[PDB]
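For reference, model34.csv (CSV, C-alpha atoms):
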```csv
chain,number,residue,atom,x,y,z
T,1,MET,CA,119.5,72.3,44.2
T,2,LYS,CA,116.2,74.1,44.8
T,3,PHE,CA,114.0,73.8,47.9
T,4,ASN,CA,111.8,70.8,48.6
T,5,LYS,CA,108.4,71.5,50.4
T,6,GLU,CA,110.2,70.8,53.7
T,7,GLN,CA,113.0,73.3,53.0
T,8,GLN,CA,110.4,75.7,51.7
T,9,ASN,CA,108.4,75.4,55.0
T,10,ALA,CA,111.6,75.8,57.1
T,11,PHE,CA,112.3,79.0,55.1
T,12,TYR,CA,108.8,80.3,55.5
T,13,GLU,CA,108.6,79.6,59.3
T,14,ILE,CA,112.1,81.1,59.9
T,15,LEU,CA,110.9,84.2,58.0
T,16,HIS,CA,107.9,84.5,60.3
T,17,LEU,CA,109.5,84.0,63.8
T,18,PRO,CA,108.5,87.1,65.8
T,19,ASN,CA,111.4,87.8,68.2
T,20,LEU,CA,114.4,87.7,65.7
T,21,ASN,CA,116.2,90.9,64.8
T,22,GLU,CA,117.2,91.5,61.2
T,23,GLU,CA,120.8,90.3,61.7
T,24,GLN,CA,119.7,86.9,63.0
T,25,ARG,CA,117.0,86.5,60.4
T,26,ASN,CA,119.3,87.4,57.6
T,27,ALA,CA,122.0,85.1,58.9
T,28,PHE,CA,119.6,82.2,59.0
T,29,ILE,CA,118.3,83.0,55.5
T,30,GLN,CA,121.8,83.1,54.0
T,31,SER,CA,123.0,80.0,55.8
T,32,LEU,CA,119.8,78.3,54.4
T,33,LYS,CA,120.5,79.6,50.9
T,34,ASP,CA,124.0,78.3,51.0
T,35,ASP,CA,123.2,74.8,52.4
T,36,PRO,CA,119.5,74.0,52.3
T,37,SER,CA,120.1,70.5,53.6
T,38,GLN,CA,120.6,71.9,57.1
T,39,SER,CA,117.1,73.4,57.0
T,40,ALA,CA,115.7,71.2,59.8
T,41,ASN,CA,118.3,72.1,62.4
T,42,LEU,CA,118.5,75.7,61.1
T,43,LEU,CA,114.8,75.8,61.9
T,44,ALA,CA,115.2,74.3,65.4
T,45,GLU,CA,118.0,76.7,66.2
T,46,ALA,CA,115.9,79.6,64.8
T,47,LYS,CA,113.0,78.3,66.9
T,48,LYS,CA,115.2,77.9,70.0
T,49,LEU,CA,116.7,81.4,69.7
T,50,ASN,CA,113.2,82.7,69.1
T,51,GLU,CA,111.9,81.3,72.4
T,52,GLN,CA,114.9,82.3,74.5
T,53,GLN,CA,114.2,85.8,73.4
T,54,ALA,CA,110.5,85.3,74.2
T,55,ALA,CA,111.5,84.4,77.7
T,56,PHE,CA,113.3,87.7,77.8
T,57,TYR,CA,110.1,89.5,77.0
T,58,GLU,CA,107.9,87.5,79.4
T,59,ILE,CA,110.3,88.4,82.2
T,60,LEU,CA,109.8,92.1,81.3
T,61,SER,CA,106.0,91.6,81.7
T,62,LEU,CA,105.6,90.1,85.1
T,63,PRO,CA,103.9,92.7,87.3
T,64,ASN,CA,105.0,91.6,90.7
T,65,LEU,CA,108.7,91.6,90.0
T,66,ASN,CA,110.8,94.6,91.2
T,67,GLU,CA,113.5,95.8,88.8
T,68,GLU,CA,116.3,94.3,90.9
T,69,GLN,CA,115.0,90.8,90.6
T,70,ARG,CA,114.0,91.5,87.0
T,71,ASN,CA,117.4,92.7,85.9
T,72,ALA,CA,119.0,89.8,87.7
T,73,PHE,CA,116.9,87.4,85.6
T,74,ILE,CA,117.7,89.5,82.5
T,75,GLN,CA,121.4,89.5,83.0
T,76,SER,CA,121.5,85.8,84.0
T,77,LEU,CA,119.6,85.2,80.7
T,78,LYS,CA,122.3,87.1,78.7
T,79,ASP,CA,125.1,85.2,80.4
T,80,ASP,CA,123.7,81.8,79.4
T,81,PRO,CA,120.5,81.9,77.3
T,82,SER,CA,120.4,78.0,77.2
T,83,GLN,CA,118.8,77.8,80.6
T,84,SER,CA,116.2,80.4,79.6
T,85,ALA,CA,113.3,78.0,80.4
T,86,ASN,CA,114.5,77.3,83.9
T,87,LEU,CA,115.1,81.0,84.5
T,88,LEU,CA,111.6,81.7,83.2
T,89,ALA,CA,110.0,79.2,85.5
T,90,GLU,CA,111.8,80.8,88.5
T,91,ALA,CA,110.8,84.2,87.2
T,92,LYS,CA,107.1,83.2,87.1
T,93,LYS,CA,107.4,81.3,90.4
T,94,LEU,CA,108.8,84.1,92.4
T,95,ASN,CA,106.3,86.5,90.7
T,96,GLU,CA,103.3,84.5,91.8
T,97,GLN,CA,104.7,84.1,95.3
T,98,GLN,CA,105.2,87.8,95.6
T,99,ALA,CA,101.7,88.3,94.1
T,100,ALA,CA,100.4,86.1,96.9
T,101,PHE,CA,102.1,88.4,99.4
T,102,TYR,CA,100.6,91.5,97.8
T,103,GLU,CA,97.0,90.3,97.7
T,104,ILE,CA,97.1,88.8,101.2
T,105,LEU,CA,98.5,92.0,102.5
T,106,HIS,CA,95.6,94.0,101.0
T,107,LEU,CA,92.5,91.8,101.8
T,108,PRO,CA,89.9,94.3,103.1
T,109,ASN,CA,88.0,91.8,105.2
T,110,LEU,CA,90.7,90.1,107.2
T,111,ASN,CA,91.5,91.3,110.7
T,112,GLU,CA,95.2,91.9,111.0
T,113,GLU,CA,95.8,88.7,113.1
T,114,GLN,CA,94.6,86.4,110.3
T,115,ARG,CA,96.7,88.5,107.8
T,116,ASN,CA,99.8,88.3,109.9
T,117,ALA,CA,99.2,84.5,110.2
T,118,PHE,CA,98.9,84.2,106.4
T,119,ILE,CA,102.0,86.4,105.7
T,120,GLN,CA,104.2,84.7,108.3
T,121,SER,CA,103.0,81.3,107.0
T,122,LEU,CA,103.9,82.5,103.5
T,123,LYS,CA,107.4,83.6,104.6
T,124,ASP,CA,108.0,80.2,106.2
T,125,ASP,CA,107.2,78.2,103.1
T,126,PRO,CA,106.6,80.2,99.8
T,127,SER,CA,105.9,76.9,98.0
T,128,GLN,CA,102.4,76.9,99.5
T,129,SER,CA,101.6,80.4,98.1
T,130,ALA,CA,98.7,79.3,95.9
T,131,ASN,CA,97.3,77.0,98.7
T,132,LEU,CA,97.6,79.9,101.1
T,133,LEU,CA,96.2,82.6,98.8
T,134,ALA,CA,93.0,80.7,98.2
T,135,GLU,CA,92.7,80.2,102.0
T,136,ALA,CA,93.0,83.9,102.4
T,137,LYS,CA,90.5,84.7,99.6
T,138,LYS,CA,87.9,82.1,100.8
T,139,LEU,CA,88.3,83.5,104.3
T,140,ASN,CA,88.0,87.1,103.1
T,141,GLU,CA,84.9,86.5,101.0
T,142,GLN,CA,83.2,84.8,103.9
T,143,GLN,CA,83.9,87.5,106.5
T,144,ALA,CA,83.0,90.0,103.7
T,145,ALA,CA,79.6,88.4,103.6
T,146,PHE,CA,78.9,89.4,107.2
T,147,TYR,CA,79.5,93.1,106.8
T,148,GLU,CA,77.7,92.9,103.4
T,149,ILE,CA,74.6,91.6,105.1
T,150,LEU,CA,75.1,94.1,107.9
T,151,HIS,CA,75.0,97.1,105.5
T,152,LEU,CA,72.3,96.1,103.0
T,153,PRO,CA,69.9,99.1,103.4
T,154,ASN,CA,66.5,97.6,102.9
T,155,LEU,CA,66.8,94.7,105.4
T,156,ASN,CA,65.3,94.7,108.9
T,157,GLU,CA,67.0,93.3,112.0
T,158,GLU,CA,65.5,89.8,112.1
T,159,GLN,CA,66.3,89.2,108.4
T,160,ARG,CA,69.8,90.5,109.1
T,161,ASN,CA,70.3,88.4,112.2
T,162,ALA,CA,69.0,85.2,110.7
T,163,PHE,CA,71.4,85.6,107.7
T,164,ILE,CA,74.2,86.6,110.0
T,165,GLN,CA,73.6,83.8,112.6
T,166,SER,CA,73.3,81.3,109.7
T,167,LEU,CA,76.6,82.6,108.4
T,168,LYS,CA,78.2,82.3,111.9
T,169,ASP,CA,77.0,78.7,112.1
T,170,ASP,CA,78.0,77.5,108.6
T,171,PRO,CA,80.4,80.0,106.9
T,172,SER,CA,80.9,77.8,103.8
T,173,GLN,CA,77.2,78.6,102.9
T,174,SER,CA,78.2,82.3,102.4
T,175,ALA,CA,77.7,82.3,98.7
T,176,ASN,CA,74.2,81.0,99.2
T,177,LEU,CA,73.3,83.2,102.2
T,178,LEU,CA,74.8,86.3,100.5
T,179,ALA,CA,72.9,85.5,97.3
T,180,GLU,CA,69.7,85.1,99.4
T,181,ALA,CA,70.3,88.4,101.1
T,182,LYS,CA,71.0,90.4,98.0
T,183,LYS,CA,67.9,89.1,96.2
T,184,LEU,CA,65.8,89.9,99.3
T,185,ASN,CA,67.3,93.4,99.5
T,186,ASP,CA,66.3,94.2,95.9
T,187,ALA,CA,62.9,92.8,96.8
T,188,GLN,CA,62.4,95.4,99.5
T,189,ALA,CA,63.5,98.6,97.8
```
Written as structure tokens, that's how I'd like the structure from this file.
Amino acid sequence: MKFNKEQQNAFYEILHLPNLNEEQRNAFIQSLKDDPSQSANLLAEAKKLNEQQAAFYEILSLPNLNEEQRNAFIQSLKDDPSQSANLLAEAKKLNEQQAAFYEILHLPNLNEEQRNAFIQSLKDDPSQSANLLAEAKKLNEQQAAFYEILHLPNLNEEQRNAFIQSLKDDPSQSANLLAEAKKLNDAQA
């Protein structure tokens, strides 16, 4: 009973699954050699095992996880690998939320009252992290435009004060005003 094209492809794909050690790979290959008619499920299992382990590795790559939380996720994944996907989601979720903390804490152009508002508001409900982070960034970039137009070397005071005043009036036009200031600055080198 040789292999049909389907069993041949299950064989091939199992042979090329990246995160399987040699003992797992050989076990699957010998079980496939003994009873090829299980190929399909032996593939699925070999795929499932392959992705659980991939979850492992992704947990080990998230930059804003400290090693406590990380080893908690790792050990929980060794205790029951079935739930790997749920664990992985939580691993990413917490990571991004902590990423939100980090960035918001280090935004150069927020005065510390706005920052303390963003962080406290992030501690209250972490689920809003993304929505909050953008709010921080957008706010940062807009205040950043002010000091930027303040310190462009080749501007004179009426140019500066027209851009600044126009930025004070309508901050959402920052990207335009800034982009008009820069171009004018290079115009007056």
Near-residue 106 (chain T) list (12 Å; only C-alpha atoms; drop same-chain fewer than 4 positions) as JSON, numbers by chain: {"T": [99, 100, 101, 102, 110, 111, 112, 115, 116, 118, 119, 133, 136, 137, 140]}
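Non-sequential neighbours of region 182-187 of chain T (distance at most 7 Å, separation of 3 or more positions within a chain, only C-alpha atoms) are residues 152, 154, 155, 178 and 179 of chain T.
Using only C-alpha atoms, the protein and nucleic acid residues lying no more than 8 Å from residue 181 (chain T), apart from those fewer than 4 places from it along its own chain, are residues 149, 163, 177 and 185 of chain T.
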What's the 9 Å shell around region 36-49 of chain T, counting all atoms listed in the file, without same-chain residues fewer than 3 positions away, as a VMD selection string? chain T and resid 1 to 3 6 to 8 10 to 11 13 to 14 17 19 to 20 24 to 25 28 31 to 33 52 to 54 81 to 82
Which residues of region 82-149 of chain T sit at most 8 Å from region 60-76 of chain T, using all atoms listed in the file? Give each one's shortest atom pair and distance in Å (one decimal place), in chain and ascending residue order, as a Markdown table.
```
| residue | atom | partner | partner_atom | distance |
| --- | --- | --- | --- | --- |
| T:87 | CA | T:73 | CA | 6.7 |
| T:91 | CA | T:73 | CA | 7.1 |
| T:92 | CA | T:62 | CA | 7.3 |
| T:94 | CA | T:65 | CA | 7.9 |
| T:95 | CA | T:64 | CA | 5.3 |
| T:96 | CA | T:64 | CA | 7.4 |
| T:98 | CA | T:64 | CA | 6.2 |
| T:99 | CA | T:64 | CA | 5.8 |
```
So, counting all atoms listed in the file, which residue among T:121, T:80, T:16, T:189 is closest to residue 29 (chain T)? T:16
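As for CA of residue 123 (chain T) and CA of residue 86 (chain T), they are spaced 22.8 Å apart.
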If we count all atoms listed in the file, what is near residue 122 (chain T) at a cut-off of 8 Å, once residues fewer than 6 positions away on the same chain are taken out, given as a list in words? residues 101, 128, 129 and 132 of chain T
Using CA of residue 135 (chain T) and CA of residue 109 (chain T) as the two end points, give the distance in Å to one decimal.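 Computing it gives 12.9 Å between the two atoms.
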As an exercise, work out the distance from CA of residue 30 (chain T) to CA of residue 18 (chain T) in Å and give it to one decimal place.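 Between CA of residue 30 (chain T) and CA of residue 18 (chain T) the gap is 18.2 Å.
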For each of T:56, T:139, T:9, T:78, take the minimum atom-to-atom distance to residue 114 (chain T), counting all atoms listed in the file, then give the residue where this is smallest.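 Among T:56, T:139, T:9, T:78, it is T:139 that comes nearest to residue 114 (chain T).
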Scan for residues within 8 Å of the point (73.0, 91.0, 109.9) in the coordinates of the file, using all atoms listed in the file, and reply as a PyMOL selection string. chain T and resi 146-147+149-151+157-165
Where atoms are lacking, region 103-129 of chain T completed to N, CA and C atoms, as a PDB file, in the coordinates of the input:
```
ATOM      1  N   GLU T 103      98.430  90.466  97.448  1.00  0.00           N
ATOM      2  CA  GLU T 103      97.000  90.300  97.700  1.00  0.00           C
ATOM      3  C   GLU T 103      96.712  90.026  99.151  1.00  0.00           C
ATOM      4  N   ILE T 104      97.451  89.107  99.781  1.00  0.00           N
ATOM      5  CA  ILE T 104      97.100  88.800 101.200  1.00  0.00           C
ATOM      6  C   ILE T 104      97.265  89.985 102.038  1.00  0.00           C
ATOM      7  N   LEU T 105      98.227  90.846 101.710  1.00  0.00           N
ATOM      8  CA  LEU T 105      98.500  92.000 102.500  1.00  0.00           C
ATOM      9  C   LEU T 105      97.290  93.000 102.435  1.00  0.00           C
ATOM     10  N   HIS T 106      96.590  93.017 101.300  1.00  0.00           N
ATOM     11  CA  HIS T 106      95.600  94.000 101.000  1.00  0.00           C
ATOM     12  C   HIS T 106      94.148  93.431 100.992  1.00  0.00           C
ATOM     13  N   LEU T 107      93.905  92.329 101.700  1.00  0.00           N
ATOM     14  CA  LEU T 107      92.500  91.800 101.800  1.00  0.00           C
ATOM     15  C   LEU T 107      91.697  92.600 102.725  1.00  0.00           C
ATOM     16  N   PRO T 108      90.662  93.286 102.229  1.00  0.00           N
ATOM     17  CA  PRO T 108      89.900  94.300 103.100  1.00  0.00           C
ATOM     18  C   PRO T 108      89.262  93.642 104.279  1.00  0.00           C
ATOM     19  N   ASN T 109      88.792  92.400 104.176  1.00  0.00           N
ATOM     20  CA  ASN T 109      88.000  91.800 105.200  1.00  0.00           C
ATOM     21  C   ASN T 109      88.680  90.736 106.010  1.00  0.00           C
ATOM     22  N   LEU T 110      89.980  90.902 106.212  1.00  0.00           N
ATOM     23  CA  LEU T 110      90.700  90.100 107.200  1.00  0.00           C
ATOM     24  C   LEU T 110      91.175  91.026 108.294  1.00  0.00           C
ATOM     25  N   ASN T 111      90.899  90.645 109.542  1.00  0.00           N
ATOM     26  CA  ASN T 111      91.500  91.300 110.700  1.00  0.00           C
ATOM     27  C   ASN T 111      92.990  90.990 110.754  1.00  0.00           C
ATOM     28  N   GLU T 112      93.788  91.933 111.257  1.00  0.00           N
ATOM     29  CA  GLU T 112      95.200  91.900 111.000  1.00  0.00           C
ATOM     30  C   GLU T 112      95.908  90.661 111.671  1.00  0.00           C
ATOM     31  N   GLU T 113      95.239  89.935 112.566  1.00  0.00           N
ATOM     32  CA  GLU T 113      95.800  88.700 113.100  1.00  0.00           C
ATOM     33  C   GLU T 113      95.816  87.579 112.109  1.00  0.00           C
ATOM     34  N   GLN T 114      94.685  87.401 111.420  1.00  0.00           N
ATOM     35  CA  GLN T 114      94.600  86.400 110.300  1.00  0.00           C
ATOM     36  C   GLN T 114      95.626  86.773 109.237  1.00  0.00           C
ATOM     37  N   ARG T 115      95.673  88.044 108.831  1.00  0.00           N
ATOM     38  CA  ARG T 115      96.700  88.500 107.800  1.00  0.00           C
ATOM     39  C   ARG T 115      98.070  88.157 108.279  1.00  0.00           C
ATOM     40  N   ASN T 116      98.432  88.546 109.502  1.00  0.00           N
ATOM     41  CA  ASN T 116      99.800  88.300 109.900  1.00  0.00           C
ATOM     42  C   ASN T 116     100.080  86.787 109.976  1.00  0.00           C
ATOM     43  N   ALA T 117      99.055  85.972 110.246  1.00  0.00           N
ATOM     44  CA  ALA T 117      99.200  84.500 110.200  1.00  0.00           C
ATOM     45  C   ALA T 117      99.491  84.060 108.747  1.00  0.00           C
ATOM     46  N   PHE T 118      98.726  84.577 107.781  1.00  0.00           N
ATOM     47  CA  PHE T 118      98.900  84.200 106.400  1.00  0.00           C
ATOM     48  C   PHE T 118     100.295  84.645 105.866  1.00  0.00           C
ATOM     49  N   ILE T 119     100.720  85.871 106.187  1.00  0.00           N
ATOM     50  CA  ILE T 119     102.000  86.400 105.700  1.00  0.00           C
ATOM     51  C   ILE T 119     103.158  85.616 106.332  1.00  0.00           C
ATOM     52  N   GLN T 120     103.155  85.497 107.662  1.00  0.00           N
ATOM     53  CA  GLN T 120     104.200  84.700 108.300  1.00  0.00           C
ATOM     54  C   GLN T 120     104.259  83.299 107.755  1.00  0.00           C
ATOM     55  N   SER T 121     103.094  82.663 107.606  1.00  0.00           N
ATOM     56  CA  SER T 121     103.000  81.300 107.000  1.00  0.00           C
ATOM     57  C   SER T 121     103.496  81.280 105.587  1.00  0.00           C
ATOM     58  N   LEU T 122     103.408  82.406 104.872  1.00  0.00           N
ATOM     59  CA  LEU T 122     103.900  82.500 103.500  1.00  0.00           C
ATOM     60  C   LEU T 122     105.413  82.705 103.463  1.00  0.00           C
ATOM     61  N   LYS T 123     105.954  83.425 104.445  1.00  0.00           N
ATOM     62  CA  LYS T 123     107.400  83.600 104.600  1.00  0.00           C
ATOM     63  C   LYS T 123     108.073  82.308 104.981  1.00  0.00           C
ATOM     64  N   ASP T 124     107.386  81.487 105.781  1.00  0.00           N
ATOM     65  CA  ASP T 124     108.000  80.200 106.200  1.00  0.00           C
ATOM     66  C   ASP T 124     108.172  79.267 105.044  1.00  0.00           C
ATOM     67  N   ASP T 125     107.131  79.039 104.244  1.00  0.00           N
ATOM     68  CA  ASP T 125     107.200  78.200 103.100  1.00  0.00           C
ATOM     69  C   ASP T 125     106.522  78.861 101.884  1.00  0.00           C
ATOM     70  N   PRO T 126     107.258  79.523 100.986  1.00  0.00           N
ATOM     71  CA  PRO T 126     106.600  80.200  99.800  1.00  0.00           C
ATOM     72  C   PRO T 126     105.974  79.203  98.866  1.00  0.00           C
ATOM     73  N   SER T 127     106.400  77.937  98.879  1.00  0.00           N
ATOM     74  CA  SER T 127     105.900  76.900  98.000  1.00  0.00           C
ATOM     75  C   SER T 127     104.371  76.733  98.113  1.00  0.00           C
ATOM     76  N   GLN T 128     103.806  77.097  99.260  1.00  0.00           N
ATOM     77  CA  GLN T 128     102.400  76.900  99.500  1.00  0.00           C
ATOM     78  C   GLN T 128     101.570  78.160  99.109  1.00  0.00           C
ATOM     79  N   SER T 129     102.197  79.127  98.430  1.00  0.00           N
ATOM     80  CA  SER T 129     101.600  80.400  98.100  1.00  0.00           C
ATOM     81  C   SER T 129     100.137  80.218  97.602  1.00  0.00           C
TER      82      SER T 129
END
```
